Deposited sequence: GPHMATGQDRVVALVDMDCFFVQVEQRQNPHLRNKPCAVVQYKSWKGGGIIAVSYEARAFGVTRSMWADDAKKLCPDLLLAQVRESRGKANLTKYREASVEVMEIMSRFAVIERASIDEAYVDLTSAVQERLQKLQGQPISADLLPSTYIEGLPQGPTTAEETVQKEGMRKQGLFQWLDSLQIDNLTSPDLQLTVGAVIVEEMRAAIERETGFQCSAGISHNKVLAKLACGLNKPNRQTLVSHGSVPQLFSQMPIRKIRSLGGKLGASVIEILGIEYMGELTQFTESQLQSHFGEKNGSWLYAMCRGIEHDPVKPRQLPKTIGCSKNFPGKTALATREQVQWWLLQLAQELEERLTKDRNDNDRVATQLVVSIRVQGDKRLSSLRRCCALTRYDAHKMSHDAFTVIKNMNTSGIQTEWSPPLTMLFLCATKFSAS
C-alpha cells in the first residue's frame, strides 16, 4: 500500500547560538539574562539573539535594546563586531564551522542556516544495529530524550520525561513497537552522542528533534528547549497534528499558510486529511497540493542534501531612512566597504574549501519601494579584488540614477558571490 518511514532524520539547533559564542568568550555572561545586539546609537541597537533567562522576561529578536532593558533591567548585552562601518559575523561563522565539522564525524549533514543543520542518520543507524549484538536499549543511553505523546494512561518535568521514556522502551523491548520505531530510537542514541561531543569540544549546548523527515525533525526540535532532544514517531503524528497550528510547520509560516487557513476554513495541520489530493492541488497548485496531502499524514520526501558549506557568500547593508544614500562618491565608498569584506571572505574560502566563485550579483533598494529589492543585476567575477568588484557593481547600477547626486536615495546595498567552482 504505502509507507513514509524509511529514513531517520534529525534537525539540530544551536540554542541562541550568538549568545552562546559570546558567553563562551566572556564567562561573566554565563547563566544570566543575556542578548546579542548589533549597532548601538539608534535605540540601543537591535537584538538578534536572546538567552532563555532573558526570554523568560519577554525579551525577543527584533526588539530595540532600549526596550529590552525595560522588560529586563539586569539584561547583559554583547555587541557584534564592526568593521568598515558595518556589522561583521566572522566570529559566528567560524564558531558555526567548528560545530559542523564535529557533526560530520557521525553522519551526513546539511547546513540549513548558520545555527541549524539537518542530519541523515539512516546509514549510521543500520551500522549501530550490528554493533549491538542484539543488546537491549537502556534509558541510560537516552538521558535528555523526550518521547512525544508519552507518558499516557509526577509533578517535576524530568519526572514526566523518565516516565515517557520508560513506557517507550518497555514497549520496544517486548516487540510492541514497529521496526521504524526501533530505528528512530537508535537514531536518538546517536544524537545524544553527537550532542555530547559538540558540548565537550566547543562548550556549546543545543536542541534536536528526531523523526522520519526534515519537517517533522524541525517541529520535534522545538517541542523541548533548551538543551534537550525530542523523538517524534510516525504514530504520534495524528495527535500532535490535531491541535498544531498550520503556521508552525516549516514553509507554512507565510502567505501559503495564510491562504490554506482562509480558503479551506481550518486552523490545525490535522484538518488537511479531510481533503483529496486533487482538491488541494486545485487550490494551491500541483506541487503544494501533493506536498500538503502527504505532509499532513507525516510523509515528506525532501532529502537531506550533503552540503556543509554555503553556496553563496554575500555582504549586505541597509541605509534607512534619512540615512539613505544620496551622492555618487558615497555610493562608491560603501560599495568599496562591502567589496573589501567580500574579498577577505572569498580568500579565506578559497584557501579553506578548494573552490572559486564565478559570478557577482549586485542588488539594491531605493527609498519608498514596494519590495525588499528594487533591482538585481549580474556581472562576471574574474578576480578577488575589492576595487574591481566595487567599480563593477557601480557600473551595473549607474543607470538607476535619475537627476554628482543620486536620486532617488538608496536604502539598501548588497553584493553576493555565487556560482562556485571547484579547484
message = I have the full deposited sequence and the modelled structure. Can you tell me which residue ranges, counted from 1, have no C-alpha coordinates?
response = 1-3, 157-162, 413-415
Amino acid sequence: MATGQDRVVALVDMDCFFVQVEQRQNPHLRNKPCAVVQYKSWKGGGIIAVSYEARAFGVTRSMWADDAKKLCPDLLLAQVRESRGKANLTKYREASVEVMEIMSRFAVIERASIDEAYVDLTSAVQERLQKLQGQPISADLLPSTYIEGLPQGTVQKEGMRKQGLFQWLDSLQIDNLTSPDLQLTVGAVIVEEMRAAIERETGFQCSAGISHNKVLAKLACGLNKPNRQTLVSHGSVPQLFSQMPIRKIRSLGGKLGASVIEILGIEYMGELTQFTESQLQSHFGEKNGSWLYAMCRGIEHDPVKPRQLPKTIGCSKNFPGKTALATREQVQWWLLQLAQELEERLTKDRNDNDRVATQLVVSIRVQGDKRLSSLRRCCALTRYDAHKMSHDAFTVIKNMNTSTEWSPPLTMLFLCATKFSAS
From here on, numbers count along this sequence of modelled residues.
note = Avg C-alpha B-factor, entry values, 413-421 vs 1-9, higher side is 1-9
key: Entry-level comparison of average CA B-factors, 155-163 and 96-104, reporting the higher stretch   = 155-163
note = For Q330, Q239, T90, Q183, the deposited C-alpha B-factor is largest at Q330
ask   = Whose CA atom has the top B-factor in the entry, of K225, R345, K322, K214?
value = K322
ask   = Taking the C-alpha B-factors as the PDB entry records them, is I261 in the lowest, middle or highest third of its chain?
value = middle
inquiry  = Looking at the temperature factor on the CA atom of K317, which third of the chain's modelled residues does it land in?
reply    = highest
task = Name the third of the chain's ranked CA B-factors that contains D15, choosing lowest, middle or highest.
result = middle
key: Relative C-alpha B-factor of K131, binned into the chain's lowest, middle or highest third   = highest
query = Where does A49 sit by CA temperature factor within its chain: lowest, middle or highest third?
reply = lowest
